[PDB]
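K.L.:
Quick one: the structure is below, and I'll ask about it shortly.
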Amino acid sequence: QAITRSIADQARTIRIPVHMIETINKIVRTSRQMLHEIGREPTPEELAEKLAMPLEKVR
DNA sequence: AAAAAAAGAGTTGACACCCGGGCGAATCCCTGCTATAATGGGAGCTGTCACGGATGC
């Protein structure tokens with residue numbers, strides 16, 4: 001926890017909250033999984049319904 | 001020879017409105033807490049000299 005909580009604050013070079021970075025990681029993971037087990041590339045339209053988030057937020 | 005008014009000023013009410021300041025509500029950032037066992041690290045030159053200087057017995 002100490003190594004992961006501090007790596008996302010100083011190494012990023014810009015102020016990025018923890019929830020933002022965790023959402024980015026989850027989105028990247030789900031996008032990679034969908035691109036690997038669904039088709040050629042996951043579109044941002046279906047990423048909102050897959051994660052149950054608004055389109056303006058995922059965009 | 002005389003003698004009053006469209007403008008020119010001056011206001012007086014009458015809206016049209018346009019950001020400001022609150023009331024909300026909806027939502028960001030921080031911080032800590034997770035209980036099987038985790039126990040010393042990965043590049044990098046190394047195919048230029050030559051000078052001019054800094055350590056050692």
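Naming works like this for the structure tokens: A, B, ... for the chains as they're shown, residue 1 at the start of each chain, ligands 1 onward in shown order.
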Using only C-alpha atoms (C1' of nucleotides), select each residue of chain B with any atom at most 10 Å away from an atom of chain A, and give the selection as an NGL selection string.

P.N.:
:B and (28-30 or 34)

K.L.:
Once you have the residues from the selection above, write them out as a compact mmCIF listing (two decimals), in the first residue's frame, restricted to N, CA, C and O atoms (P, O5', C5', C4', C3', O3' and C1' of nucleotides).

P.N.:
# COMPACT_ATOMS: atom_id res chain seq x y z
P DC B 28 -17.35 13.76 -10.52
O5' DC B 28 -15.87 14.26 -10.19
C5' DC B 28 -15.22 13.81 -9.01
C4' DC B 28 -14.28 14.87 -8.47
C3' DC B 28 -12.93 14.36 -8.01
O3' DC B 28 -12.01 15.44 -7.95
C1' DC B 28 -14.25 14.90 -6.13
P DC B 29 -10.51 15.27 -8.50
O5' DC B 29 -9.62 15.30 -7.18
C5' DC B 29 -10.18 14.85 -5.95
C4' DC B 29 -9.32 15.27 -4.78
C3' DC B 29 -8.09 14.42 -4.54
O3' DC B 29 -7.16 15.13 -3.73
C1' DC B 29 -9.77 13.89 -2.95
P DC B 30 -5.75 14.48 -3.34
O5' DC B 30 -5.79 14.41 -1.75
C5' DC B 30 -6.95 13.89 -1.09
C4' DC B 30 -6.74 13.84 0.41
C3' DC B 30 -5.61 12.95 0.87
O3' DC B 30 -5.14 13.37 2.14
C1' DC B 30 -7.71 11.95 1.39
P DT B 34 -7.94 -3.82 9.74
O5' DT B 34 -7.96 -4.97 8.63
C5' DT B 34 -7.22 -4.81 7.43
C4' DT B 34 -7.95 -5.43 6.25
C3' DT B 34 -7.56 -6.87 5.94
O3' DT B 34 -8.68 -7.60 5.47
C1' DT B 34 -7.01 -5.48 4.10

K.L.:
For atom CA of residue 53 of chain A and atom CA of residue 25 of chain A, determine how far apart the two atoms are, in Å to one decimal place.

P.N.:
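Separation between atom CA of residue 53 of chain A and atom CA of residue 25 of chain A: 14.9 Å.
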
K.L.:
Using only C-alpha atoms (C1' of nucleotides), which protein or nucleic acid residues come within 12 Å of residue 44 of chain A? Drop anything in the same chain fewer than 4 positions from it, and give the result as a compact mmCIF listing (two decimals) with C-alpha atoms, in the first residue's frame.

P.N.:
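Output file part_20.txt follows:
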# COMPACT_ATOMS: atom_id res chain seq x y z
CA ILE A 27 -10.59 1.12 -17.96
CA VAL A 28 -7.26 0.04 -19.47
CA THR A 30 -11.25 -3.85 -19.41
CA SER A 31 -10.27 -2.38 -22.78
CA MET A 34 -12.28 -6.78 -24.60
CA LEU A 35 -9.76 -6.23 -27.40
CA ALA A 48 -19.57 3.03 -20.95
CA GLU A 49 -22.19 0.27 -20.90
CA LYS A 50 -19.58 -2.35 -19.98
CA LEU A 51 -18.42 -0.31 -16.97
CA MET A 53 -20.66 4.80 -16.58
CA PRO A 54 -21.91 7.79 -18.57
CA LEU A 55 -20.48 8.52 -22.00
CA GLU A 56 -19.30 11.99 -20.96
CA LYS A 57 -17.33 10.47 -18.07
CA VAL A 58 -15.73 7.66 -20.09
CA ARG A 59 -14.94 10.13 -22.88

K.L.:
May I ask for the distance between atom CA of residue 33 of chain A and atom CA of residue 6 of chain A, given in Å to one decimal place?

P.N.:
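Computing it gives 27.2 Å between the two atoms.
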
K.L.:
How would you write, as number ranges by chain, the set of residues in chain A that DSSP gives as alpha helix (DSSP H)?

P.N.:
A: 2-10, 18-37, 44-51, 55-58

K.L.:
Could you save those same residues with C-alpha atoms as a compact mmCIF listing (two decimals), in the first residue's frame?

P.N.:
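Result went into result05.txt, see below:
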# COMPACT_ATOMS: atom_id res chain seq x y z
CA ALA A 2 2.81 2.44 0.83
CA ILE A 3 4.68 1.66 -2.40
CA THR A 4 1.55 1.92 -4.57
CA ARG A 5 0.07 4.96 -2.81
CA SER A 6 3.29 6.97 -3.21
CA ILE A 7 4.12 5.87 -6.77
CA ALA A 8 0.89 7.44 -8.07
CA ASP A 9 1.56 10.84 -6.46
CA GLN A 10 5.19 11.80 -7.20
CA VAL A 18 -6.08 8.00 -6.48
CA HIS A 19 -9.63 7.37 -7.71
CA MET A 20 -8.73 8.84 -11.11
CA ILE A 21 -5.68 6.60 -11.53
CA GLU A 22 -7.59 3.53 -10.34
CA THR A 23 -10.40 4.28 -12.80
CA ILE A 24 -7.80 4.69 -15.55
CA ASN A 25 -6.27 1.33 -14.64
CA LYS A 26 -9.66 -0.40 -14.59
CA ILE A 27 -10.59 1.12 -17.96
CA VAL A 28 -7.26 0.04 -19.47
CA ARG A 29 -7.69 -3.49 -18.11
CA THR A 30 -11.25 -3.85 -19.41
CA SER A 31 -10.27 -2.38 -22.78
CA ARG A 32 -7.37 -4.82 -23.13
CA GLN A 33 -9.57 -7.76 -22.12
CA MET A 34 -12.28 -6.78 -24.60
CA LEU A 35 -9.76 -6.23 -27.40
CA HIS A 36 -8.24 -9.65 -26.68
CA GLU A 37 -11.45 -11.68 -26.24
CA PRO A 44 -15.40 3.93 -26.26
CA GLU A 45 -19.17 3.73 -26.83
CA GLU A 46 -19.50 0.18 -25.48
CA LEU A 47 -16.95 0.90 -22.73
CA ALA A 48 -19.57 3.03 -20.95
CA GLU A 49 -22.19 0.27 -20.90
CA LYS A 50 -19.58 -2.35 -19.98
CA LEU A 51 -18.42 -0.31 -16.97
CA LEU A 55 -20.48 8.52 -22.00
CA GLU A 56 -19.30 11.99 -20.96
CA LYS A 57 -17.33 10.47 -18.07
CA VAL A 58 -15.73 7.66 -20.09

K.L.:
So what do you get for atom CA of residue 11 of chain A versus atom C1' of residue 44 of chain B, distance-wise?

P.N.:
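We find that atom CA of residue 11 of chain A and atom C1' of residue 44 of chain B lie 24.3 Å from each other.
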